[PDB]
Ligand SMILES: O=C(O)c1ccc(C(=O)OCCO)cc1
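Consider the single chain below, provided in structure tokens and representing the form deposited without the ligand.
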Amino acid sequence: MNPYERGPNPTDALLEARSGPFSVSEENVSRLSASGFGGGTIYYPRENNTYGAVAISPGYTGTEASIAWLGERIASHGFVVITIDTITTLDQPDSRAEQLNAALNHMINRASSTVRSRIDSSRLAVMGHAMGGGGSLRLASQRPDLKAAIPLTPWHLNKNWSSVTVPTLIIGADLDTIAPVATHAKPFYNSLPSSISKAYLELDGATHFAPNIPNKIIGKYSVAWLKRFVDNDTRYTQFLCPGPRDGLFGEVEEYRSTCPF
């Protein structure tokens, strides 16, 4: 009925697993093949179909290796995902925004036919870690046609994101000393309009480095957000609404959403 649906009916166990049901192959994007970003890796499902497409940016001083596990894991649930390097490791968030955009266009227009034929260019998403998450917010702001945005422990000097109407899941970490949730992630979530689809999930016992370490919470709710908004897959509403519990015996420090979507 929903022809964007891919994979079997979900459970906590399948969403928390290290790998989804799709086997994954990779396309290397060399620095000189890439226009407007530093190259990276495209993870894509071997099974021929069309899928939504995600661009992910690392943070200050980092490269694609620090978010590789995430590109693999998300692709293994039926998405085409690029993990980018930036032009320099020191690029600022609003520069990372522009480079994420360039990576979306690379996947759609300049990659091999193998990749291009597997992308529904109308269903795109953006993610990023730390300054990359800042880049996520800016691009989401600039491209309200994107289907989802997921800033992970995001970092940005601009705290006002009321121009964002893309469905946005911000993931904060309670022990993050580099982008403390009080001065970044929460003000980001709070300034996003109350009228859009958004959610704030704060990890419990997690540093700035948590998105760089295979993490079953991040993987589960990142895929669920993408399934729900890139594929319009309502089989995944159950994980977002009411969402993870932040109370007694809960899995999360804090979860806040505009459920129902």
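For every residue, the number given is its place in the sequence shown, counted from 1.
- As listed in the deposited structure, the average C-alpha B-factor of 200-208 and of 24-32 is greater for 24-32.
- As the entry records it, the average C-alpha temperature factor is higher for 230-238, out of 55-63 and 230-238.
- Looking at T86, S76, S136, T177, the one whose CA carries the top B-factor in the deposited record is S76.
- For the set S191, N101, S95, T114, the PDB entry puts the maximum C-alpha B factor at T114.
- Among the modelled residues of its chain, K147 has a C-alpha B-factor that falls in the middle third, as given in the PDB entry.
- Among all modelled residues in its chain, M131 ranks in the middle third by Cα B-factor.
- Per-chain ranking of the deposited C-alpha B factor places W225 in the lowest third.
- For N105, the recorded CA temperature factor ranks within the highest third of the chain's modelled residues.
- Remark: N215 belongs to the lowest third of its chain, ranked by C-alpha B-factor as recorded.
Here the subject shifts to the form solved in complex with the ligand, a form of this protein not shown in this document.
- Transferred by C-alpha superposition from where it sits in the deposited complex, the ligand keeps all its atoms beyond 2.4 Å of the backbone and C-beta atoms, leaving the site open.
- The stretch that touches the ligand in the deposited complex, counting heavy atoms within 4.5 Å, is 57-65, out of 197-205, 44-52, 57-65, 217-225.
- Contact between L100 and the ligand in the deposited complex is not found at the 4.5 Å heavy atom cutoff.
- None of the heavy atoms of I87 is located within 4.5 Å of the ligand in the deposited complex.
- None of the heavy atoms of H77 is located within 4.5 Å of the ligand in the deposited complex.
- Within 4.5 Å of any heavy atom of the ligand in the deposited complex lies no heavy atom of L175.
- In terms of contact with the ligand in the deposited complex, the residue from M127, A130, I170, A140 that brings a heavy atom within 4.5 Å is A130.
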